[PDB]
Amino acid sequence: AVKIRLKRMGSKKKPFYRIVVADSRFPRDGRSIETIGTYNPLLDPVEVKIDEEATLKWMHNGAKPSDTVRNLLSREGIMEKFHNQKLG
Amino acid sequence: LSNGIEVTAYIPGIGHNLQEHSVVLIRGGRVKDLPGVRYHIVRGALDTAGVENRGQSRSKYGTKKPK
Amino acid sequence: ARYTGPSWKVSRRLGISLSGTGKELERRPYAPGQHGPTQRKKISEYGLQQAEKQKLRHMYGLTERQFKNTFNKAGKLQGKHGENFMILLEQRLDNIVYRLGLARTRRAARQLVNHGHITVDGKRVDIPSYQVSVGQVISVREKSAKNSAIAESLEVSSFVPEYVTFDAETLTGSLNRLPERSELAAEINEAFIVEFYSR
RNA sequence: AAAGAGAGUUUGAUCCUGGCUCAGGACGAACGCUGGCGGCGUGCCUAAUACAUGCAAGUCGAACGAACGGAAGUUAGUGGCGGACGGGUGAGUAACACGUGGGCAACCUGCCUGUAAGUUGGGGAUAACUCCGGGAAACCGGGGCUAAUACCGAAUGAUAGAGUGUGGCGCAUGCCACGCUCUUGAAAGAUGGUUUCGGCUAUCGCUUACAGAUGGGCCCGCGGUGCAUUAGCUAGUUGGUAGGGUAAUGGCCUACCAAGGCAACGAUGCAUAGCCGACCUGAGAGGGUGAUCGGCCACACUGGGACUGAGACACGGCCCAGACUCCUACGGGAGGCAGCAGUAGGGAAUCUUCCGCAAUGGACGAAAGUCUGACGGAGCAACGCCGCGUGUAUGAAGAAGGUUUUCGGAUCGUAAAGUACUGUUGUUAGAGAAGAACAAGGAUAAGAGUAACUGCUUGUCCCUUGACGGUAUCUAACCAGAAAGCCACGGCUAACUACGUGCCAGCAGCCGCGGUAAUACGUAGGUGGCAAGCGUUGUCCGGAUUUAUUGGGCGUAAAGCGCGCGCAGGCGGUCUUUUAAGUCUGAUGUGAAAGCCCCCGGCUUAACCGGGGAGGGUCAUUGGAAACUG
Ligand SMILES: [Mg+2]
Ligand SMILES: [Mg+2]
Ligand SMILES: [Mg+2]
Ligand SMILES: [Mg+2]
Ligand SMILES: [Mg+2]
Ligand SMILES: [Mg+2]
Ligand SMILES: [Mg+2]
Ligand SMILES: [Mg+2]
Ligand SMILES: [Mg+2]
Ligand SMILES: [Mg+2]
Ligand SMILES: [Mg+2]
Ligand SMILES: [Mg+2]
Ligand SMILES: [Mg+2]
Ligand SMILES: [Mg+2]
Ligand SMILES: [Mg+2]
Ligand SMILES: [Mg+2]
Ligand SMILES: [Mg+2]
Ligand SMILES: [Mg+2]
Ligand SMILES: [Mg+2]
Ligand SMILES: [Mg+2]
Ligand SMILES: [Mg+2]
Ligand SMILES: [Mg+2]
Ligand SMILES: [Mg+2]
Ligand SMILES: [Mg+2]
Ligand SMILES: [Mg+2]
Ligand SMILES: [Mg+2]
Ligand SMILES: [Mg+2]
Ligand SMILES: [Mg+2]
Ligand SMILES: [Mg+2]
Ligand SMILES: [Mg+2]
Ligand SMILES: [Mg+2]
Ligand SMILES: [Mg+2]
Ligand SMILES: [Mg+2]
Ligand SMILES: [Mg+2]
Ligand SMILES: [Mg+2]
Ligand SMILES: [Mg+2]
Ligand SMILES: [Mg+2]
Ligand SMILES: [Mg+2]
Ligand SMILES: [Mg+2]
Ligand SMILES: [Mg+2]
Ligand SMILES: [Mg+2]
Ligand SMILES: [Mg+2]
Ligand SMILES: [Mg+2]
Ligand SMILES: [Mg+2]
Ligand SMILES: [Mg+2]
Ligand SMILES: [Mg+2]
Ligand SMILES: [Mg+2]
Ligand SMILES: [Mg+2]
Ligand SMILES: [Mg+2]
Ligand SMILES: [Mg+2]
Ligand SMILES: [Mg+2]
Ligand SMILES: [Mg+2]
Ligand SMILES: [Mg+2]
Ligand SMILES: [Mg+2]
Ligand SMILES: [Mg+2]
Ligand SMILES: [Mg+2]
Ligand SMILES: [Mg+2]
Ligand SMILES: [Mg+2]
Ligand SMILES: [Mg+2]
Ligand SMILES: [Mg+2]
Ligand SMILES: [Mg+2]
Ligand SMILES: [Mg+2]
Ligand SMILES: [Mg+2]
Ligand SMILES: [Mg+2]
Ligand SMILES: [Mg+2]
Ligand SMILES: [Mg+2]
Ligand SMILES: [Mg+2]
Ligand SMILES: [Mg+2]
Ligand SMILES: [Mg+2]
Ligand SMILES: [Mg+2]
Ligand SMILES: [Mg+2]
Ligand SMILES: [Mg+2]
Ligand SMILES: [Mg+2]
Ligand SMILES: [Mg+2]
Ligand SMILES: [Mg+2]
Ligand SMILES: [Mg+2]
């Protein structure tokens, strides 16, 4: 099913993940429906930049996150807006 | 040759040691005056030995550096 | 450094007084070898262009691969090509230490930079090819501070170039501004090298 | 803004035409001599040849039938989901295989999300187990008894089928919405809270229907190899009428009727080749290639077939036939490295039977968790691209020694010695990151739902874990001590002398050198180029305007058919009105990510990574102009 994965990129011992919408079956760093952010684990607070409109629509019509991606990285409050929109 | 083709090579340097039924490496090239010779034998490859007491231009002819 | 052979011989071959002023060519200004006091012949265009390229390369004492890489990198800047090439060659951290007067020649600033004695913006750098920019500060971080070599080099000084502001009291150096082709060696011809690398 | 270098060789000498050779860039390279370190990558191009051995796909006890404990909890068997993903190779294939742009009023879609109705009652039997019958043996039958979310009916329920009625429409076959009569068409329970004792309930599962998302299938325009010393090819072939089959249109298949179809704009036949984003080269137009990284296709010892499923005619599934290998008691059995390591063989040539699920992503599960040779990391190899070492400053009309000498000297050469400094690196002793935020669990706070809790959703707090690994990094002390080679020196082409040799030995990319004075052979001295590398060979582009659109020629150098009549084709005098095929132009969609290029940023710098753009189409829909061609 459609999920929101990470798609590791970068160099050896220095990873840098994206935030993509992909169909589970396909390879990790393979084909993906759409990219909606980045994720840098190395920095003091992690620098993450996610588009709050595309992610909300994707969650609202089927896509669901994967542990670290969004479901823990949505400290921006995207999941709160999803909560409100789903009740409202 | 190992692909079923018989060619004519040339032996560079001053004094070889290879006799009949010996295995060697060959490389491209040609000797202008020699009529049919159109390859060279690599020196010091498999059973060819490097030219004796060769002092300079020594990477060719396959001679080890003196001590 | 990179080439550790005698230094007078290379300046005798080229015919300029690199590595200072004239002390290499005070006696016998002719080329080395059994020959050299004999004569010279008509040097073709290949000889001339190669001579100018050797003039630049042997002045800063850097290998040919690095030289060509710096040439290609300078090619991307606006304006001319030889001017930008010499500007970038002036930007190198190894050169700037020599210009401030912390060392004597090019071959001593290189060792004094690789052995960690020089820091920029408060952090050490061990790379002589680090490209300094405007506004960064150059110091010693008391890694050596009061050592015989630096103290001696601060005595013989001539005049520091105008585009570098050096504060001898704290051993703090900077780069005021980008230089211009007028205030370089000028004992070469920068136009030849572009033609040499065009072939 | 971008913008192109020539040289040697035909002659006693000239000028032209003309080939040959050299100077540059790049490798998945190999061979020769050498070889210090670090970072980032790459490594069977040949036999799609043959496999010793370890692993590479399992998981659910909260769907159901036994033993240990003494009341929890743990595995063989029935069932559910997965095994069609992830990984490998380029054999086949000249065709809707691929690229780009569209159709589908001709289609399917498990799991995921939202919504609307339900989850009512019955029946029969089989694995496991127990006996007997075979076979020492792996390797099979018969008798008897058991449970379900296994299986089979029944009650109610269709926008499914039939006969309709009524509107609104399209692009011909036709599409959307509503109503009427009938016919058929299902379900499963498990873990908890609760009242009151009946039931009523929280999730997660089951059944039917409609939307969305994702993934597939079919059809079409245009584009990209050589050969005409390969001209006809085709008989379900082309069309039509009914029917069968499929999720779906269709000669996909069948019965009948007709004689069609494709082709010098290259059919047919033969040869070779997976295709693209892209890579090397070039001033550009072009030329050559399709390693690694990403997308699609095909294949899985060779050939055929189907079953199960949402999805396969299925790498680690089944059946049959063939070659090969292995057990056999002679009735018979078993296997498929083009998965990760690895062995043999072929070759001029290519790596470890390694550690771990800690990170990211898979499968199963309510969850803890289990399995992941994917992947994260480490060993091997100068195979590449970056970076810095083997010291530094002073130091003589210039030591010793080599080489040379017209015997005064010149040279190696400030090079050495001497004096004064430094620790990148090396040695030792100390410290020592990030990559890790969760999942689970425990606290509160708020919402939806309920008669009320349990639970669900969301926020805020605790709560512990690393293969790499004592690795990266940092501190302090010690010694210039351990750490330079390869090719060339006649011209092209930067850099000359001595001795030996005597058309011999030999060198050689071309001109060509060697016949007792060789700057061309061999050594020596020093000189030049590059430097942990340096040369040779092989292959591609350039220079080559040497296939010339950009950009050549045909009187005498290669090159005008011996000449005419002419089908197809190419081109076409002057003006007006008109169209809008070519032509120019605006908007909308797209031409994925990485790669080349422009601007910023992070690794001490650089290679190397990240963020933001541009560029790329004789591309589609739509709107304009009418000078030129049609
Ligand atoms: Mg020598
Ligand atoms: Mg002639
Ligand atoms: Mg070449
Ligand atoms: Mg070694
Ligand atoms: Mg060694
Ligand atoms: Mg292969
Ligand atoms: Mg359990
Ligand atoms: Mg079990
Ligand atoms: Mg597969
Ligand atoms: Mg696959
Ligand atoms: Mg891969
Ligand atoms: Mg391929
Ligand atoms: Mg549902
Ligand atoms: Mg019963
Ligand atoms: Mg039985
Ligand atoms: Mg029973
Ligand atoms: Mg029924
Ligand atoms: Mg109906
Ligand atoms: Mg109507
Ligand atoms: Mg109770
Ligand atoms: Mg109670
Ligand atoms: Mg039909
Ligand atoms: Mg054909
Ligand atoms: Mg073939
Ligand atoms: Mg092939
Ligand atoms: Mg390449
Ligand atoms: Mg490449
Ligand atoms: Mg180019
Ligand atoms: Mg050209
Ligand atoms: Mg290849
Ligand atoms: Mg390969
Ligand atoms: Mg691979
Ligand atoms: Mg095989
Ligand atoms: Mg089926
Ligand atoms: Mg399989
Ligand atoms: Mg296998
Ligand atoms: Mg293998
Ligand atoms: Mg072994
Ligand atoms: Mg082997
Ligand atoms: Mg072999
Ligand atoms: Mg894991
Ligand atoms: Mg656990
Ligand atoms: Mg296993
Ligand atoms: Mg790996
Ligand atoms: Mg080698
Ligand atoms: Mg290799
Ligand atoms: Mg010195
Ligand atoms: Mg003297
Ligand atoms: Mg002497
Ligand atoms: Mg150290
Ligand atoms: Mg944490
Ligand atoms: Mg939790
Ligand atoms: Mg409670
Ligand atoms: Mg010392
Ligand atoms: Mg010369
Ligand atoms: Mg030679
Ligand atoms: Mg020569
Ligand atoms: Mg030298
Ligand atoms: Mg040199
Ligand atoms: Mg290097
Ligand atoms: Mg090639
Ligand atoms: Mg050409
Ligand atoms: Mg011509
Ligand atoms: Mg003629
Ligand atoms: Mg005529
Ligand atoms: Mg003719
Ligand atoms: Mg005629
Ligand atoms: Mg005509
Ligand atoms: Mg566009
Ligand atoms: Mg792109
Ligand atoms: Mg930077
Ligand atoms: Mg990049
Ligand atoms: Mg980028
Ligand atoms: Mg644009
Ligand atoms: Mg008109
Ligand atoms: Mg007209």
# chains A, B, ... in the order shown; residues from 1 in each chain; ligands from 1
>>> residues_near_ligand(ligand="ligand 30", cutoff="10 Å", atoms="only C-alpha atoms (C1' of nucleotides) and all ligand atoms", output="PDB file with N, CA, C and O atoms (P, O5', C5', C4', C3', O3' and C1' of nucleotides), in the first residue's frame")
ATOM      1  P     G D  28      35.244   2.534 -18.363  1.00  0.00           P
ATOM      2  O5'   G D  28      35.379   1.398 -17.264  1.00  0.00           O
ATOM      3  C5'   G D  28      35.454   1.721 -15.881  1.00  0.00           C
ATOM      4  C4'   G D  28      35.684   0.488 -15.049  1.00  0.00           C
ATOM      5  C3'   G D  28      36.963  -0.269 -15.379  1.00  0.00           C
ATOM      6  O3'   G D  28      37.488  -0.867 -14.200  1.00  0.00           O
ATOM      7  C1'   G D  28      35.094  -1.659 -15.785  1.00  0.00           C
ATOM      8  P     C D  45      31.084  -9.476 -16.207  1.00  0.00           P
ATOM      9  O5'   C D  45      31.808  -8.629 -17.340  1.00  0.00           O
ATOM     10  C5'   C D  45      32.736  -9.245 -18.225  1.00  0.00           C
ATOM     11  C4'   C D  45      32.582  -8.742 -19.638  1.00  0.00           C
ATOM     12  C3'   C D  45      33.395  -9.493 -20.686  1.00  0.00           C
ATOM     13  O3'   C D  45      32.664  -9.526 -21.906  1.00  0.00           O
ATOM     14  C1'   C D  45      34.016  -7.222 -20.696  1.00  0.00           C
ATOM     15  P     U D 289      29.520   1.999 -31.772  1.00  0.00           P
ATOM     16  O5'   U D 289      29.452   2.141 -30.188  1.00  0.00           O
ATOM     17  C5'   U D 289      30.379   1.463 -29.355  1.00  0.00           C
ATOM     18  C4'   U D 289      30.197   1.819 -27.898  1.00  0.00           C
ATOM     19  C3'   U D 289      28.963   1.268 -27.205  1.00  0.00           C
ATOM     20  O3'   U D 289      29.122  -0.071 -26.782  1.00  0.00           O
ATOM     21  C1'   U D 289      29.250   3.541 -26.642  1.00  0.00           C
ATOM     22  P     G D 290      27.838  -0.995 -26.518  1.00  0.00           P
ATOM     23  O5'   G D 290      27.022  -0.249 -25.370  1.00  0.00           O
ATOM     24  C5'   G D 290      27.515  -0.200 -24.036  1.00  0.00           C
ATOM     25  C4'   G D 290      26.462   0.240 -23.050  1.00  0.00           C
ATOM     26  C3'   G D 290      25.288  -0.716 -22.884  1.00  0.00           C
ATOM     27  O3'   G D 290      24.900  -0.736 -21.515  1.00  0.00           O
ATOM     28  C1'   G D 290      24.488   1.413 -23.524  1.00  0.00           C
ATOM     29  P     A D 291      25.243  -2.017 -20.617  1.00  0.00           P
ATOM     30  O5'   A D 291      26.006  -1.430 -19.348  1.00  0.00           O
ATOM     31  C5'   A D 291      27.353  -0.986 -19.434  1.00  0.00           C
ATOM     32  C4'   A D 291      28.213  -1.600 -18.356  1.00  0.00           C
ATOM     33  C3'   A D 291      27.746  -1.393 -16.928  1.00  0.00           C
ATOM     34  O3'   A D 291      26.689  -2.257 -16.552  1.00  0.00           O
ATOM     35  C1'   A D 291      30.062  -0.980 -17.061  1.00  0.00           C
TER      36        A D 291
END
>>> residues_near_ligand(ligand="ligand 4", cutoff="12 Å", atoms="only C-alpha atoms (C1' of nucleotides) and all ligand atoms", output="MDAnalysis selection string")
chainID D and resid 34:37 381:382 483 532
>>> write_last_selection(atoms="N, CA, C and O atoms (P, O5', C5', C4', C3', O3' and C1' of nucleotides)", output="PDB file, in the first residue's frame")
ATOM      1  P     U D  34      61.979  -3.310  -9.926  1.00  0.00           P
ATOM      2  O5'   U D  34      61.947  -1.771  -9.541  1.00  0.00           O
ATOM      3  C5'   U D  34      61.509  -1.369  -8.258  1.00  0.00           C
ATOM      4  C4'   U D  34      60.891   0.003  -8.272  1.00  0.00           C
ATOM      5  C3'   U D  34      60.059   0.337  -7.054  1.00  0.00           C
ATOM      6  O3'   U D  34      60.835   0.708  -5.937  1.00  0.00           O
ATOM      7  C1'   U D  34      58.864   0.936  -8.981  1.00  0.00           C
ATOM      8  P     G D  35      60.577  -0.018  -4.536  1.00  0.00           P
ATOM      9  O5'   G D  35      59.187   0.584  -4.057  1.00  0.00           O
ATOM     10  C5'   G D  35      59.046   1.979  -3.858  1.00  0.00           C
ATOM     11  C4'   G D  35      57.612   2.378  -3.641  1.00  0.00           C
ATOM     12  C3'   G D  35      56.877   1.679  -2.519  1.00  0.00           C
ATOM     13  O3'   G D  35      57.207   2.180  -1.241  1.00  0.00           O
ATOM     14  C1'   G D  35      55.495   1.774  -4.422  1.00  0.00           C
ATOM     15  P     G D  36      57.089   1.227   0.043  1.00  0.00           P
ATOM     16  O5'   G D  36      56.315   2.122   1.101  1.00  0.00           O
ATOM     17  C5'   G D  36      55.135   2.817   0.736  1.00  0.00           C
ATOM     18  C4'   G D  36      54.738   3.807   1.798  1.00  0.00           C
ATOM     19  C3'   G D  36      53.250   3.998   2.008  1.00  0.00           C
ATOM     20  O3'   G D  36      52.647   2.959   2.752  1.00  0.00           O
ATOM     21  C1'   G D  36      54.279   6.100   1.906  1.00  0.00           C
ATOM     22  P     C D  37      51.115   2.582   2.478  1.00  0.00           P
ATOM     23  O5'   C D  37      50.312   3.796   3.117  1.00  0.00           O
ATOM     24  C5'   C D  37      50.426   4.068   4.502  1.00  0.00           C
ATOM     25  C4'   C D  37      49.857   5.415   4.862  1.00  0.00           C
ATOM     26  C3'   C D  37      48.380   5.620   4.604  1.00  0.00           C
ATOM     27  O3'   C D  37      47.536   4.974   5.538  1.00  0.00           O
ATOM     28  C1'   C D  37      49.557   7.514   3.874  1.00  0.00           C
ATOM     29  P     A D 381      45.786  -5.471  -0.298  1.00  0.00           P
ATOM     30  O5'   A D 381      45.751  -5.165  -1.856  1.00  0.00           O
ATOM     31  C5'   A D 381      46.049  -6.190  -2.788  1.00  0.00           C
ATOM     32  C4'   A D 381      45.514  -5.870  -4.157  1.00  0.00           C
ATOM     33  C3'   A D 381      45.733  -4.454  -4.641  1.00  0.00           C
ATOM     34  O3'   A D 381      47.063  -4.195  -5.053  1.00  0.00           O
ATOM     35  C1'   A D 381      43.522  -5.088  -5.106  1.00  0.00           C
ATOM     36  P     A D 382      47.822  -2.893  -4.498  1.00  0.00           P
ATOM     37  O5'   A D 382      46.962  -1.694  -5.085  1.00  0.00           O
ATOM     38  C5'   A D 382      47.291  -0.349  -4.797  1.00  0.00           C
ATOM     39  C4'   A D 382      46.864   0.562  -5.916  1.00  0.00           C
ATOM     40  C3'   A D 382      47.286   0.124  -7.305  1.00  0.00           C
ATOM     41  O3'   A D 382      46.392  -0.831  -7.845  1.00  0.00           O
ATOM     42  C1'   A D 382      47.796   2.410  -7.002  1.00  0.00           C
ATOM     43  P     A D 483      64.588   6.056   4.425  1.00  0.00           P
ATOM     44  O5'   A D 483      63.137   6.377   3.857  1.00  0.00           O
ATOM     45  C5'   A D 483      62.344   5.345   3.297  1.00  0.00           C
ATOM     46  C4'   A D 483      61.039   5.868   2.758  1.00  0.00           C
ATOM     47  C3'   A D 483      61.102   7.142   1.936  1.00  0.00           C
ATOM     48  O3'   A D 483      61.535   6.914   0.607  1.00  0.00           O
ATOM     49  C1'   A D 483      59.274   7.237   3.437  1.00  0.00           C
ATOM     50  P     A D 532      51.995  12.386  -6.959  1.00  0.00           P
ATOM     51  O5'   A D 532      52.660  11.471  -5.840  1.00  0.00           O
ATOM     52  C5'   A D 532      51.947  10.383  -5.264  1.00  0.00           C
ATOM     53  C4'   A D 532      51.908   9.196  -6.190  1.00  0.00           C
ATOM     54  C3'   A D 532      51.052   8.026  -5.721  1.00  0.00           C
ATOM     55  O3'   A D 532      50.499   7.364  -6.859  1.00  0.00           O
ATOM     56  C1'   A D 532      53.273   7.309  -5.991  1.00  0.00           C
TER      57        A D 532
END
>>> interface_residues(of="chain D", to="chain A", cutoff="10 Å", atoms="only C-alpha atoms (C1' of nucleotides)", output="PyMOL selection string")
chain D and resi 40+85-86+111-114+212-215+294-295+359-362+374-377+434-439+447-448+457-459+468+592-593+603+608-611
>>> residues_around(residues="residue 33 (chain C)", least_positions_apart="4", cutoff="8 Å", atoms="only C-alpha atoms (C1' of nucleotides)", output="PDB file with N, CA and C atoms (P, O5', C5', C4', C3', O3' and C1' of nucleotides), in the first residue's frame")
ATOM      1  P     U D 411      80.943  26.197 -13.219  1.00  0.00           P
ATOM      2  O5'   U D 411      80.382  24.713 -13.352  1.00  0.00           O
ATOM      3  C5'   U D 411      79.407  24.383 -14.328  1.00  0.00           C
ATOM      4  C4'   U D 411      79.147  22.899 -14.365  1.00  0.00           C
ATOM      5  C3'   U D 411      78.600  22.295 -13.085  1.00  0.00           C
ATOM      6  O3'   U D 411      77.194  22.421 -13.015  1.00  0.00           O
ATOM      7  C1'   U D 411      80.392  20.976 -13.896  1.00  0.00           C
ATOM      8  P     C D 412      76.489  23.004 -11.702  1.00  0.00           P
ATOM      9  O5'   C D 412      75.987  21.703 -10.939  1.00  0.00           O
ATOM     10  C5'   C D 412      75.250  20.703 -11.623  1.00  0.00           C
ATOM     11  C4'   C D 412      75.577  19.325 -11.103  1.00  0.00           C
ATOM     12  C3'   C D 412      75.406  19.110  -9.610  1.00  0.00           C
ATOM     13  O3'   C D 412      74.056  18.873  -9.255  1.00  0.00           O
ATOM     14  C1'   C D 412      77.453  18.159 -10.339  1.00  0.00           C
ATOM     15  P     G D 526      75.798  13.626 -12.380  1.00  0.00           P
ATOM     16  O5'   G D 526      75.372  14.602 -13.561  1.00  0.00           O
ATOM     17  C5'   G D 526      76.168  15.729 -13.919  1.00  0.00           C
ATOM     18  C4'   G D 526      75.428  16.644 -14.857  1.00  0.00           C
ATOM     19  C3'   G D 526      74.070  17.086 -14.323  1.00  0.00           C
ATOM     20  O3'   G D 526      73.784  18.430 -14.688  1.00  0.00           O
ATOM     21  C1'   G D 526      73.786  15.949 -16.379  1.00  0.00           C
ATOM     22  P     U D 527      72.472  19.134 -14.091  1.00  0.00           P
ATOM     23  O5'   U D 527      71.413  19.006 -15.274  1.00  0.00           O
ATOM     24  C5'   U D 527      71.521  19.849 -16.407  1.00  0.00           C
ATOM     25  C4'   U D 527      70.560  19.495 -17.514  1.00  0.00           C
ATOM     26  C3'   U D 527      69.091  19.422 -17.171  1.00  0.00           C
ATOM     27  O3'   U D 527      68.491  20.687 -16.991  1.00  0.00           O
ATOM     28  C1'   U D 527      69.661  17.660 -18.631  1.00  0.00           C
TER      29        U D 527
END
>>> residues_around(residues="residue 99 (chain C)", least_positions_apart="4", cutoff="7 Å", atoms="only C-alpha atoms (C1' of nucleotides)", output="PyMOL selection string")
chain C and resi 95+160-161
>>> write_last_selection(atoms="N, CA and C atoms", output="mmCIF file, in the first residue's frame")
data_model
loop_
_atom_site.group_PDB
_atom_site.id
_atom_site.type_symbol
_atom_site.label_atom_id
_atom_site.label_comp_id
_atom_site.auth_asym_id
_atom_site.auth_seq_id
_atom_site.Cartn_x
_atom_site.Cartn_y
_atom_site.Cartn_z
ATOM 1 N N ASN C 95 50.452 30.912 0.224
ATOM 2 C CA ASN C 95 51.018 32.166 -0.257
ATOM 3 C C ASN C 95 50.794 33.295 0.739
ATOM 4 N N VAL C 160 54.953 44.687 3.247
ATOM 5 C CA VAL C 160 53.875 43.747 2.963
ATOM 6 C C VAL C 160 53.053 44.324 1.821
ATOM 7 N N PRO C 161 52.450 43.491 0.980
ATOM 8 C CA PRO C 161 51.587 44.013 -0.080
ATOM 9 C C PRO C 161 50.437 44.824 0.491
#
